[PDB]
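Heads up, the thing below is written out as structure tokens.
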Amino acid sequence: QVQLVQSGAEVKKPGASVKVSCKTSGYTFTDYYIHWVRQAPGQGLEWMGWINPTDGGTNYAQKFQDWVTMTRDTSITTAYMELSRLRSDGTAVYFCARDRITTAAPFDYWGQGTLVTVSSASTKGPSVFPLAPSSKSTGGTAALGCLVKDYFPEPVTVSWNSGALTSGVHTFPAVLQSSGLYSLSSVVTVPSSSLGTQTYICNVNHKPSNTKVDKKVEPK
Amino acid sequence: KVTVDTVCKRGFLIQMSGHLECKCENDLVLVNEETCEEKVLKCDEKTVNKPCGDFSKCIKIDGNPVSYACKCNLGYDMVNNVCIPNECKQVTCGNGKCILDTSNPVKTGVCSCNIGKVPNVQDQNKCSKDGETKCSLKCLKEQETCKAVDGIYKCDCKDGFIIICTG
Amino acid sequence: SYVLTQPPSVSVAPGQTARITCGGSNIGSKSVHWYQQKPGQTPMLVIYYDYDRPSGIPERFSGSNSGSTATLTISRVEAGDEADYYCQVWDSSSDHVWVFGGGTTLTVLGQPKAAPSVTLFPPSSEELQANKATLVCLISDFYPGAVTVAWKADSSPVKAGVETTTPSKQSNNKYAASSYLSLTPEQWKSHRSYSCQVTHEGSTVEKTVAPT
């Protein structure tokens, strides 16, 4: 069976380099090109170039000609893509794909993709601020939450009242800010009548930095 | 799949660098990969569904007025006025022609080359590389062997014979 | 440069027929391939060489290519067909490149439309003490899961400091999203108010806060 298996996620500083691999098996390596396709978060697929496994010949899109180097090792039927001088805004997923060596063959098999995150940051625990409910945060119910600011790296986990409270809770995906740090928020919709009688404590856990924060959220 | 044992009705085997196919006798056209028949020269009301070219038939088109055209069969597209597989629509081989590679679930159009040429893996497998191809055609008829004619292998009368082959 | 032009969005109800166009200069002379990418998953071939279908792809997927437009047609659309769709051609010219279309997001409406609820949290006094200020705009309970957010500072739009999440499903299968505006504490008190504007299916919902 044809398989294209890519290496795991990478975290790099701006200006550094990274070399992603695409382990191939289940077919004659020298009969198919290996292409690389970049996808920034929320964006479309972008062809970067190919390598010919026989002679190592490469064909690049002009915009990637300057900072992308494609190689291969035929003895282990593996293709490589090295990115140089990574840009601070260059977080993206990279796919490898094959097609028959010929003109205009379709990409019939793809690797699972490799996320390359670019951040100048190092391990850093989060700051947790309450999102207090009020007269303006109340239809007949009210929303409250916790703001989890400037942590690195992923992930953080948020529970409410040590897991005893689940219905109404929604924890959002993190955003990667321009500083190279992550932020998210966890919110919960609650009956406005229970405010001042019910206690709401969000439990933020950032295992990479060995940080746990419990934050009681009360009305303003 | 055409093989060296395939009988080409109203035709004959030819061999290239990577495949065998049937070639029709003079003025005949392929109606199937192993069947040659006479071709209509102009599609009209009395020629509907009759052969008009290699892998093409005459079709009627209801309209004002009624029109007639020569249409490629399913899986074929008109490219430079010839019906070729749709997988070959964008494949240019040079000293050869594009054929169907069906060794994978996803079919692809690849090149098969004139004798003396082979697909060049360094040049999109176009027919830009010199290479030998041994003839495999069984030419069991009287006084004929495998001969390279216009860049393809075919059975042909031995040196000194002409069409069965006679001296 | 050779360009493939796809519409950004197509919306259909289950059972209806969806058509996704791929425009290109003389694209009829090129072999068009189509790829399906579900959210967070690997792209997958669904149509190749204009109209060939890989095994496993249902017959209701069909392709055509003529003149300047190649089209992917999906009959009897199902919820499982919700994904991004990209067309692709090889540019035989001297530029010698593979080209992908911009991609088309296919929304399959599996529930009635729902306008979003907007909740705008001002910066907490705790964060101000840390010499920072973050406005949190909560967008919840909308369908389909597509919004656009604009931030206004005292009747004037705001460019820098905005971060917005891609919508995600809630427990009730409706969508939620969040938008953050980062300010310095001085900027927070310098303006009379700040506003969060959420556009969903043409209609915009707005919420405003002021220092307090």
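Chain lettering (A, B, ...) mirrors the order of the structure tokens, residue numbering begins at 1 for each chain separately, and ligand numbering begins at 1 in order of display.
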Which residues come within 7 Å of stretch 62-77 of chain A, counting only C-alpha atoms, excluding same-chain residues fewer than 6 positions away, as a PDB file with C-alpha atoms, in the first residue's frame?
```pdb
ATOM      1  CA  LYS A  23       8.953   8.817   4.291  1.00  0.00           C
ATOM      2  CA  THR A  24       7.603   6.942   1.269  1.00  0.00           C
ATOM      3  CA  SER A  25       6.836   3.242   0.871  1.00  0.00           C
ATOM      4  CA  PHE A  29      10.161   5.467  -5.509  1.00  0.00           C
ATOM      5  CA  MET A  48       6.010  24.862  -3.718  1.00  0.00           C
ATOM      6  CA  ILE A  51      11.931  16.713  -6.674  1.00  0.00           C
ATOM      7  CA  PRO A  53      13.925  10.957  -7.049  1.00  0.00           C
ATOM      8  CA  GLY A  56      17.525  14.743  -7.412  1.00  0.00           C
ATOM      9  CA  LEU A  83      13.082  25.829   4.952  1.00  0.00           C
ATOM     10  CA  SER A  84      15.611  28.597   5.581  1.00  0.00           C
ATOM     11  CA  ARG A  85      15.366  31.973   7.330  1.00  0.00           C
TER      12      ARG A  85
END
```
Compile the contact shell of residue A:171 as a PyMOL selection string: residues with an atom at most 12 Å away, counting only C-alpha atoms, same-chain residues fewer than 5 positions apart removed. (chain A and resi 144-148+156-160+166+183-189+202-204) or (chain C and resi 138+140+165+167-171+176-178)
Using the selection just defined, write its residues with N, CA, C and O atoms as a tab-separated table (two decimals), in the first residue's frame.
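Written output follows (result32.tsv):
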```
chain	number	residue	atom	x	y	z
A	144	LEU	N	-19.96	34.41	31.43
A	144	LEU	CA	-18.75	34.77	32.16
A	144	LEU	C	-17.66	33.80	31.75
A	144	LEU	O	-17.93	32.73	31.20
A	145	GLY	N	-16.42	34.18	32.01
A	145	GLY	CA	-15.33	33.32	31.61
A	145	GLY	C	-14.00	33.73	32.20
A	145	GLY	O	-13.94	34.52	33.15
A	146	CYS	N	-12.94	33.17	31.63
A	146	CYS	CA	-11.57	33.44	32.04
A	146	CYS	C	-10.73	33.72	30.81
A	146	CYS	O	-10.81	32.98	29.82
A	147	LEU	N	-9.93	34.78	30.86
A	147	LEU	CA	-9.00	35.12	29.80
A	147	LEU	C	-7.63	34.56	30.15
A	147	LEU	O	-7.09	34.84	31.22
A	148	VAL	N	-7.06	33.77	29.24
A	148	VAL	CA	-5.82	33.04	29.47
A	148	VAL	C	-4.79	33.63	28.52
A	148	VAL	O	-4.74	33.27	27.33
A	156	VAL	N	-3.07	24.52	26.75
A	156	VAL	CA	-3.65	24.70	28.07
A	156	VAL	C	-5.00	24.00	28.10
A	156	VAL	O	-5.68	23.89	27.07
A	157	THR	N	-5.37	23.51	29.27
A	157	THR	CA	-6.68	22.92	29.49
A	157	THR	C	-7.42	23.73	30.55
A	157	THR	O	-6.83	24.11	31.57
A	158	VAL	N	-8.70	23.98	30.32
A	158	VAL	CA	-9.53	24.76	31.23
A	158	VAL	C	-10.73	23.92	31.63
A	158	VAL	O	-11.47	23.42	30.77
A	159	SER	N	-10.92	23.76	32.94
A	159	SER	CA	-12.14	23.20	33.49
A	159	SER	C	-12.79	24.25	34.39
A	159	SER	O	-12.17	25.24	34.76
A	160	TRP	N	-14.06	24.02	34.72
A	160	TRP	CA	-14.81	24.92	35.59
A	160	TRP	C	-15.30	24.14	36.80
A	160	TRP	O	-15.88	23.06	36.66
A	166	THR	N	-20.12	21.48	33.59
A	166	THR	CA	-19.81	21.18	32.19
A	166	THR	C	-20.78	21.82	31.21
A	166	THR	O	-20.34	22.34	30.18
A	183	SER	N	-3.02	32.92	23.24
A	183	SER	CA	-4.07	33.32	24.16
A	183	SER	C	-5.37	32.65	23.75
A	183	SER	O	-5.64	32.48	22.56
A	184	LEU	N	-6.17	32.26	24.75
A	184	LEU	CA	-7.52	31.79	24.51
A	184	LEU	C	-8.42	32.28	25.63
A	184	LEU	O	-7.97	32.94	26.57
A	185	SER	N	-9.70	31.94	25.54
A	185	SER	CA	-10.66	32.22	26.59
A	185	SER	C	-11.61	31.04	26.71
A	185	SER	O	-11.91	30.37	25.72
A	186	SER	N	-12.07	30.79	27.93
A	186	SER	CA	-13.09	29.79	28.20
A	186	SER	C	-14.30	30.48	28.79
A	186	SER	O	-14.17	31.25	29.75
A	187	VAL	N	-15.47	30.22	28.22
A	187	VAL	CA	-16.70	30.92	28.60
A	187	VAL	C	-17.74	29.88	28.99
A	187	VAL	O	-17.68	28.72	28.58
A	188	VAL	N	-18.70	30.32	29.80
A	188	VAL	CA	-19.79	29.47	30.26
A	188	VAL	C	-21.06	30.31	30.36
A	188	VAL	O	-21.04	31.41	30.93
A	189	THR	N	-22.15	29.81	29.79
A	189	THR	CA	-23.44	30.47	29.89
A	189	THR	C	-24.20	29.90	31.09
A	189	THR	O	-24.31	28.68	31.23
A	202	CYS	N	-12.65	28.87	37.43
A	202	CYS	CA	-12.01	28.26	36.27
A	202	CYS	C	-10.64	27.73	36.67
A	202	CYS	O	-9.89	28.40	37.39
A	203	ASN	N	-10.33	26.52	36.21
A	203	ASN	CA	-9.08	25.85	36.53
A	203	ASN	C	-8.23	25.77	35.27
A	203	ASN	O	-8.52	24.97	34.37
A	204	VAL	N	-7.19	26.59	35.20
A	204	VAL	CA	-6.31	26.66	34.04
A	204	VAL	C	-5.07	25.83	34.33
A	204	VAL	O	-4.45	25.97	35.39
C	138	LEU	N	-17.45	37.97	22.53
C	138	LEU	CA	-17.95	36.60	22.51
C	138	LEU	C	-19.07	36.49	21.48
C	138	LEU	O	-20.08	37.19	21.58
C	140	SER	N	-21.59	33.68	19.84
C	140	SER	CA	-22.07	32.34	20.16
C	140	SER	C	-23.43	32.09	19.52
C	140	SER	O	-24.18	33.01	19.22
C	165	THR	N	-10.73	34.12	16.19
C	165	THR	CA	-10.67	32.67	16.02
C	165	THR	C	-11.57	32.23	14.87
C	165	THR	O	-12.55	32.89	14.51
C	167	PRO	N	-14.49	29.92	13.63
C	167	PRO	CA	-15.61	29.37	14.40
C	167	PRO	C	-15.50	27.87	14.61
C	167	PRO	O	-14.95	27.14	13.78
C	168	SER	N	-16.04	27.41	15.74
C	168	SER	CA	-16.02	26.01	16.10
C	168	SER	C	-17.36	25.64	16.72
C	168	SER	O	-18.07	26.50	17.27
C	169	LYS	N	-17.71	24.36	16.63
C	169	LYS	CA	-19.02	23.90	17.06
C	169	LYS	C	-19.13	23.92	18.58
C	169	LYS	O	-18.20	23.54	19.30
C	170	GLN	N	-20.29	24.36	19.07
C	170	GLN	CA	-20.61	24.27	20.49
C	170	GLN	C	-21.21	22.90	20.80
C	170	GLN	O	-21.33	22.04	19.92
C	171	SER	N	-21.58	22.70	22.06
C	171	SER	CA	-22.25	21.46	22.45
C	171	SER	C	-23.55	21.26	21.67
C	171	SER	O	-23.88	20.14	21.29
C	176	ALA	N	-19.52	28.97	17.57
C	176	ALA	CA	-19.07	30.05	18.43
C	176	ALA	C	-17.73	30.57	17.92
C	176	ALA	O	-16.97	29.84	17.28
C	177	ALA	N	-17.45	31.84	18.22
C	177	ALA	CA	-16.19	32.45	17.85
C	177	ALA	C	-15.86	33.54	18.86
C	177	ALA	O	-16.73	33.98	19.62
C	178	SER	N	-14.61	33.97	18.85
C	178	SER	CA	-14.14	35.00	19.77
C	178	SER	C	-13.21	35.95	19.04
C	178	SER	O	-12.46	35.55	18.14
```
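Using only C-alpha atoms, the shortest contact distance between chain C and any of A:129, A:33, A:200, A:151 is found at A:129.
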Sorted by chain and rising residue number, list the residues of chain A at most 7 Å from chain C (counting only C-alpha atoms), each with its closest atom pair and distance in Å to one decimal, as JSON lines.
```
{"residue": "A:44", "atom": "CA", "partner": "C:102", "partner_atom": "CA", "distance": 5.9}
{"residue": "A:45", "atom": "CA", "partner": "C:100", "partner_atom": "CA", "distance": 6.6}
{"residue": "A:46", "atom": "CA", "partner": "C:100", "partner_atom": "CA", "distance": 6.5}
{"residue": "A:47", "atom": "CA", "partner": "C:98", "partner_atom": "CA", "distance": 6.4}
{"residue": "A:61", "atom": "CA", "partner": "C:97", "partner_atom": "CA", "distance": 6.6}
{"residue": "A:104", "atom": "CA", "partner": "C:90", "partner_atom": "CA", "distance": 5.4}
{"residue": "A:106", "atom": "CA", "partner": "C:33", "partner_atom": "CA", "distance": 6.3}
{"residue": "A:108", "atom": "CA", "partner": "C:45", "partner_atom": "CA", "distance": 6.1}
{"residue": "A:112", "atom": "CA", "partner": "C:42", "partner_atom": "CA", "distance": 5.7}
{"residue": "A:129", "atom": "CA", "partner": "C:127", "partner_atom": "CA", "distance": 6.6}
{"residue": "A:130", "atom": "CA", "partner": "C:124", "partner_atom": "CA", "distance": 6.8}
{"residue": "A:131", "atom": "CA", "partner": "C:121", "partner_atom": "CA", "distance": 6.4}
{"residue": "A:137", "atom": "CA", "partner": "C:119", "partner_atom": "CA", "distance": 6.2}
{"residue": "A:170", "atom": "CA", "partner": "C:170", "partner_atom": "CA", "distance": 6.7}
{"residue": "A:173", "atom": "CA", "partner": "C:165", "partner_atom": "CA", "distance": 6.8}
{"residue": "A:175", "atom": "CA", "partner": "C:165", "partner_atom": "CA", "distance": 6.6}
```
Do me a favour and pick out the residues of chain B within 8 Å of chain A, using only C-alpha atoms, as a PyMOL selection string. chain B and resi 90-92+106+108-111+121-122+124-126
Restrict the distance test to only C-alpha atoms, flag each residue of chain B within 9 Å of chain C, and return the flagged residues as an MDAnalysis selection string. chainID B and resid 75 79 86:90 105:108
Filtering to C-alpha atoms, could you give me those residues as a PDB file, in the first residue's frame?
```
ATOM      1  CA  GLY B  75     -13.051   8.278 -22.428  1.00  0.00           C
ATOM      2  CA  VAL B  79      -6.897  16.632 -29.646  1.00  0.00           C
ATOM      3  CA  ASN B  86      -8.652  12.055 -21.937  1.00  0.00           C
ATOM      4  CA  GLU B  87      -5.738  11.158 -19.655  1.00  0.00           C
ATOM      5  CA  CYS B  88      -3.466  12.019 -22.613  1.00  0.00           C
ATOM      6  CA  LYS B  89      -5.026  15.412 -23.392  1.00  0.00           C
ATOM      7  CA  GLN B  90      -2.011  17.365 -22.073  1.00  0.00           C
ATOM      8  CA  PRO B 105      -6.131   2.784  -9.128  1.00  0.00           C
ATOM      9  CA  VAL B 106      -5.627   6.303 -10.515  1.00  0.00           C
ATOM     10  CA  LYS B 107      -4.904   5.981 -14.231  1.00  0.00           C
ATOM     11  CA  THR B 108      -2.297   8.251 -15.808  1.00  0.00           C
TER      12      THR B 108
END
```
Selection: 8 Å around residue C:206, only C-alpha atoms, excl. self and same-chain fewer than 4 positions, as an MDAnalysis selection string: chainID C and resid 118 195:198
For the interface of stretch 55-82 of chain B with stretch 31-47 of chain B (cut-off 6 Å, counting only C-alpha atoms), please tabulate each contacting residue of stretch 55-82 of chain B alongside its nearest pair of atoms and their separation in Å to one decimal, rows sorted by chain and increasing number, as a tab-separated table.
```
residue	atom	partner	partner_atom	distance
B:55	CA	B:31	CA	5.2
B:58	CA	B:43	CA	5.5
B:68	CA	B:43	CA	5.7
```
What's around residue C:25 at 8 Å? Count only C-alpha atoms, leave out sequence neighbours fewer than 3 positions away in its own chain, and write the answer as an MDAnalysis selection string. chainID C and resid 2:3 68
Can those selected residues be exported to a file as a JSON list (two decimals), in the first residue's frame so that it contains N, CA, C and O atoms?
```json
[["chain", "number", "residue", "atom", "x", "y", "z"],
["C", 2, "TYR", "N", -0.36, 32.16, -14.68],
["C", 2, "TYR", "CA", -1.63, 31.46, -14.88],
["C", 2, "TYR", "C", -2.39, 31.39, -13.56],
["C", 2, "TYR", "O", -1.83, 31.10, -12.51],
["C", 3, "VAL", "N", -3.69, 31.66, -13.63],
["C", 3, "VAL", "CA", -4.54, 31.78, -12.45],
["C", 3, "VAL", "C", -5.76, 30.89, -12.62],
["C", 3, "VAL", "O", -6.34, 30.81, -13.71],
["C", 68, "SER", "N", -13.51, 27.98, -20.95],
["C", 68, "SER", "CA", -12.76, 28.66, -19.90],
["C", 68, "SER", "C", -13.21, 28.27, -18.50],
["C", 68, "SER", "O", -12.77, 28.90, -17.53]]
```
Extract the full set of strand (DSSP E) residues from stretch 82-149 of chain B according to DSSP on the backbone, and format it as a PyMOL selection string. chain B and resi 82-85+96-101+108-113+116-120+126-131+144-149
Please, could you write that set of residues out with N, CA, C and O atoms as a compact mmCIF listing (two decimals), in the first residue's frame?
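After the write, selection.txt holds the following:
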```txt
# COMPACT_ATOMS: atom_id res chain seq x y z
N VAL B 82 -7.66 14.30 -33.58
CA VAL B 82 -7.66 12.86 -33.40
C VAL B 82 -8.22 12.55 -32.01
O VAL B 82 -8.04 13.32 -31.06
N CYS B 83 -8.91 11.41 -31.91
CA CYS B 83 -9.46 10.97 -30.63
C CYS B 83 -8.39 10.24 -29.83
O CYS B 83 -7.91 9.18 -30.25
N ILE B 84 -8.03 10.80 -28.68
CA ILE B 84 -7.04 10.18 -27.79
C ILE B 84 -7.64 10.13 -26.39
O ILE B 84 -8.57 10.89 -26.07
N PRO B 85 -7.15 9.22 -25.54
CA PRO B 85 -7.65 9.15 -24.16
C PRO B 85 -7.59 10.50 -23.47
O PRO B 85 -6.66 11.29 -23.67
N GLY B 96 7.17 9.69 -29.86
CA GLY B 96 6.31 8.63 -29.36
C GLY B 96 4.88 9.10 -29.26
O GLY B 96 4.50 10.11 -29.86
N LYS B 97 4.09 8.35 -28.50
CA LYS B 97 2.69 8.68 -28.27
C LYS B 97 2.34 8.36 -26.82
O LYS B 97 3.02 7.59 -26.15
N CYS B 98 1.25 8.97 -26.36
CA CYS B 98 0.78 8.78 -24.99
C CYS B 98 -0.18 7.60 -24.92
O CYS B 98 -1.07 7.46 -25.76
N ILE B 99 0.02 6.75 -23.91
CA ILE B 99 -0.82 5.59 -23.66
C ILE B 99 -1.32 5.65 -22.21
O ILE B 99 -0.96 6.55 -21.45
N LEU B 100 -2.15 4.68 -21.85
CA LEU B 100 -2.78 4.63 -20.54
C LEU B 100 -2.00 3.71 -19.61
O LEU B 100 -1.81 2.53 -19.93
N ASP B 101 -1.55 4.24 -18.48
CA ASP B 101 -0.95 3.43 -17.42
C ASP B 101 -2.05 3.10 -16.42
O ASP B 101 -2.58 4.00 -15.75
N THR B 108 -3.09 7.12 -15.36
CA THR B 108 -2.30 8.25 -15.81
C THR B 108 -1.93 8.06 -17.27
O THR B 108 -1.84 6.94 -17.77
N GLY B 109 -1.73 9.18 -17.96
CA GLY B 109 -1.22 9.15 -19.31
C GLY B 109 0.29 9.23 -19.33
O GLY B 109 0.88 10.18 -18.82
N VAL B 110 0.94 8.22 -19.92
CA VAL B 110 2.39 8.14 -19.97
C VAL B 110 2.81 7.90 -21.42
O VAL B 110 2.00 7.59 -22.29
N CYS B 111 4.11 8.03 -21.66
CA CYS B 111 4.65 7.96 -23.01
C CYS B 111 5.15 6.56 -23.35
O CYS B 111 5.77 5.88 -22.52
N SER B 112 4.88 6.15 -24.58
CA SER B 112 5.50 4.99 -25.21
C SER B 112 6.16 5.46 -26.49
O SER B 112 5.59 6.27 -27.23
N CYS B 113 7.36 4.96 -26.76
CA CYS B 113 8.26 5.61 -27.70
C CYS B 113 8.50 4.77 -28.95
O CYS B 113 8.35 3.55 -28.95
N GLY B 116 14.12 2.51 -30.68
CA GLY B 116 15.31 3.30 -30.50
C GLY B 116 15.21 4.33 -29.39
O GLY B 116 16.24 4.83 -28.94
N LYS B 117 14.00 4.66 -28.96
CA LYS B 117 13.78 5.61 -27.88
C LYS B 117 13.09 4.93 -26.70
O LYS B 117 12.35 3.96 -26.87
N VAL B 118 13.33 5.46 -25.51
CA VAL B 118 12.65 5.02 -24.29
C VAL B 118 12.29 6.25 -23.46
O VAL B 118 12.89 7.32 -23.62
N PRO B 119 11.31 6.12 -22.56
CA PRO B 119 10.95 7.26 -21.71
C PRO B 119 12.12 7.71 -20.86
O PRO B 119 12.82 6.90 -20.24
N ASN B 120 12.33 9.02 -20.82
CA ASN B 120 13.47 9.63 -20.14
C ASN B 120 13.00 10.16 -18.79
O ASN B 120 12.37 11.22 -18.71
N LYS B 126 9.40 11.79 -21.20
CA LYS B 126 9.24 11.97 -22.64
C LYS B 126 10.23 11.09 -23.39
O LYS B 126 11.15 10.51 -22.81
N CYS B 127 10.03 11.00 -24.70
CA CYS B 127 10.81 10.08 -25.54
C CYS B 127 12.09 10.75 -26.04
O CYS B 127 12.34 10.88 -27.24
N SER B 128 12.91 11.18 -25.08
CA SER B 128 14.13 11.91 -25.36
C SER B 128 15.38 11.16 -24.92
O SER B 128 16.45 11.76 -24.79
N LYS B 129 15.27 9.85 -24.70
CA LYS B 129 16.39 9.02 -24.27
C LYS B 129 16.56 7.86 -25.24
O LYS B 129 15.58 7.21 -25.62
N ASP B 130 17.81 7.60 -25.62
CA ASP B 130 18.10 6.46 -26.49
C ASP B 130 18.06 5.17 -25.68
O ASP B 130 18.61 5.10 -24.57
N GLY B 131 17.41 4.16 -26.23
CA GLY B 131 17.31 2.87 -25.57
C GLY B 131 16.75 1.80 -26.48
O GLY B 131 15.95 2.09 -27.38
N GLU B 144 7.82 -13.88 -43.21
CA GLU B 144 7.74 -12.55 -42.63
C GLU B 144 8.29 -12.59 -41.21
O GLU B 144 8.04 -13.53 -40.46
N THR B 145 9.05 -11.56 -40.86
CA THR B 145 9.65 -11.40 -39.55
C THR B 145 9.22 -10.06 -38.96
O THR B 145 8.40 -9.33 -39.54
N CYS B 146 9.77 -9.72 -37.80
CA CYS B 146 9.50 -8.43 -37.18
C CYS B 146 10.43 -7.38 -37.77
O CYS B 146 11.65 -7.55 -37.79
N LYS B 147 9.84 -6.28 -38.24
CA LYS B 147 10.58 -5.22 -38.90
C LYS B 147 10.18 -3.87 -38.30
O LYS B 147 9.04 -3.67 -37.90
N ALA B 148 11.15 -2.96 -38.25
CA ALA B 148 10.91 -1.61 -37.74
C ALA B 148 10.54 -0.73 -38.93
O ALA B 148 11.39 -0.41 -39.77
N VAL B 149 9.27 -0.32 -38.99
CA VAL B 149 8.75 0.49 -40.08
C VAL B 149 8.21 1.78 -39.48
O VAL B 149 7.27 1.75 -38.68
```
Just the residues within 12 Å of residue A:199, please, counting only C-alpha atoms, with nothing from its chain fewer than 2 positions along; format it as a list in words. residues 144, 160, 161, 162, 164, 165, 190, 194, 195, 196, 197, 201, 202, 215, 216, 217, 218 and 219 of chain A
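Between atom CA of residue A:20 and atom CA of residue A:114 the separation is 7.5 Å.
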Taking 3 positions as the minimum chain separation for residues in the same chain, which residues sit within 7 Å of residue C:210 when counting only C-alpha atoms? Answer as number ranges by chain. C: 192-194
Please, which residues of chain A, numbered as in this document, come out helix (DSSP H, G or I) from DSSP, as a PyMOL selection string? chain A and resi 29-31+62-64+74-76+161-163+192-194+207-209
Put those residues in a file: N, CA and C atoms, as a PDB file, in the first residue's frame.
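Ended up saving to result.pdb:
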```
ATOM      1  N   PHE A  29       9.863   4.077  -5.843  1.00  0.00           N
ATOM      2  CA  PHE A  29      10.161   5.467  -5.509  1.00  0.00           C
ATOM      3  C   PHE A  29      10.471   6.304  -6.744  1.00  0.00           C
ATOM      4  N   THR A  30      11.253   5.754  -7.673  1.00  0.00           N
ATOM      5  CA  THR A  30      11.762   6.511  -8.810  1.00  0.00           C
ATOM      6  C   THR A  30      10.739   6.725  -9.920  1.00  0.00           C
ATOM      7  N   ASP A  31       9.505   6.247  -9.769  1.00  0.00           N
ATOM      8  CA  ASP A  31       8.488   6.441 -10.794  1.00  0.00           C
ATOM      9  C   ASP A  31       7.595   7.650 -10.546  1.00  0.00           C
ATOM     10  N   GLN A  62       8.634  30.157  -8.202  1.00  0.00           N
ATOM     11  CA  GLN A  62       9.582  31.265  -8.089  1.00  0.00           C
ATOM     12  C   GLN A  62       9.611  31.858  -6.683  1.00  0.00           C
ATOM     13  N   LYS A  63       8.454  31.937  -6.021  1.00  0.00           N
ATOM     14  CA  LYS A  63       8.390  32.575  -4.710  1.00  0.00           C
ATOM     15  C   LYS A  63       9.070  31.756  -3.619  1.00  0.00           C
ATOM     16  N   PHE A  64       9.307  30.465  -3.850  1.00  0.00           N
ATOM     17  CA  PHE A  64       9.989  29.614  -2.886  1.00  0.00           C
ATOM     18  C   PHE A  64      11.409  29.278  -3.313  1.00  0.00           C
ATOM     19  N   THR A  74      17.434   8.039  -1.752  1.00  0.00           N
ATOM     20  CA  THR A  74      16.807   6.923  -2.451  1.00  0.00           C
ATOM     21  C   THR A  74      16.957   5.617  -1.683  1.00  0.00           C
ATOM     22  N   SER A  75      18.015   5.485  -0.880  1.00  0.00           N
ATOM     23  CA  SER A  75      18.234   4.251  -0.135  1.00  0.00           C
ATOM     24  C   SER A  75      17.157   4.005   0.914  1.00  0.00           C
ATOM     25  N   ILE A  76      16.479   5.052   1.382  1.00  0.00           N
ATOM     26  CA  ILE A  76      15.374   4.906   2.319  1.00  0.00           C
ATOM     27  C   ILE A  76      14.095   5.544   1.779  1.00  0.00           C
ATOM     28  N   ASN A 161     -15.088  24.711  37.988  1.00  0.00           N
ATOM     29  CA  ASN A 161     -15.436  24.080  39.260  1.00  0.00           C
ATOM     30  C   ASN A 161     -14.907  22.649  39.336  1.00  0.00           C
ATOM     31  N   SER A 162     -13.627  22.493  38.989  1.00  0.00           N
ATOM     32  CA  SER A 162     -12.923  21.211  39.065  1.00  0.00           C
ATOM     33  C   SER A 162     -13.622  20.119  38.259  1.00  0.00           C
ATOM     34  N   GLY A 163     -14.273  20.499  37.160  1.00  0.00           N
ATOM     35  CA  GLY A 163     -14.972  19.554  36.318  1.00  0.00           C
ATOM     36  C   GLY A 163     -16.411  19.290  36.701  1.00  0.00           C
ATOM     37  N   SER A 192     -28.883  33.741  35.003  1.00  0.00           N
ATOM     38  CA  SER A 192     -28.598  34.989  35.702  1.00  0.00           C
ATOM     39  C   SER A 192     -29.111  34.963  37.136  1.00  0.00           C
ATOM     40  N   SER A 193     -30.132  34.148  37.413  1.00  0.00           N
ATOM     41  CA  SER A 193     -30.681  34.078  38.763  1.00  0.00           C
ATOM     42  C   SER A 193     -29.701  33.444  39.743  1.00  0.00           C
ATOM     43  N   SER A 194     -28.819  32.570  39.258  1.00  0.00           N
ATOM     44  CA  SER A 194     -27.885  31.867  40.127  1.00  0.00           C
ATOM     45  C   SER A 194     -26.630  32.676  40.426  1.00  0.00           C
ATOM     46  N   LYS A 207       0.610  22.483  31.526  1.00  0.00           N
ATOM     47  CA  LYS A 207       1.620  21.482  31.860  1.00  0.00           C
ATOM     48  C   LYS A 207       3.023  21.805  31.350  1.00  0.00           C
ATOM     49  N   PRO A 208       3.222  22.380  30.154  1.00  0.00           N
ATOM     50  CA  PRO A 208       4.603  22.686  29.731  1.00  0.00           C
ATOM     51  C   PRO A 208       5.372  23.541  30.724  1.00  0.00           C
ATOM     52  N   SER A 209       4.731  24.542  31.326  1.00  0.00           N
ATOM     53  CA  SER A 209       5.381  25.398  32.306  1.00  0.00           C
ATOM     54  C   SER A 209       5.085  24.979  33.740  1.00  0.00           C
TER      55      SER A 209
END
```
Residues near residue B:161, cut-off 12 Å, only C-alpha atoms, skip fewer than 3 positions along chain, as a list in words: residues 142, 143, 144, 145, 156, 157, 158, 164, 165, 166 and 167 of chain B
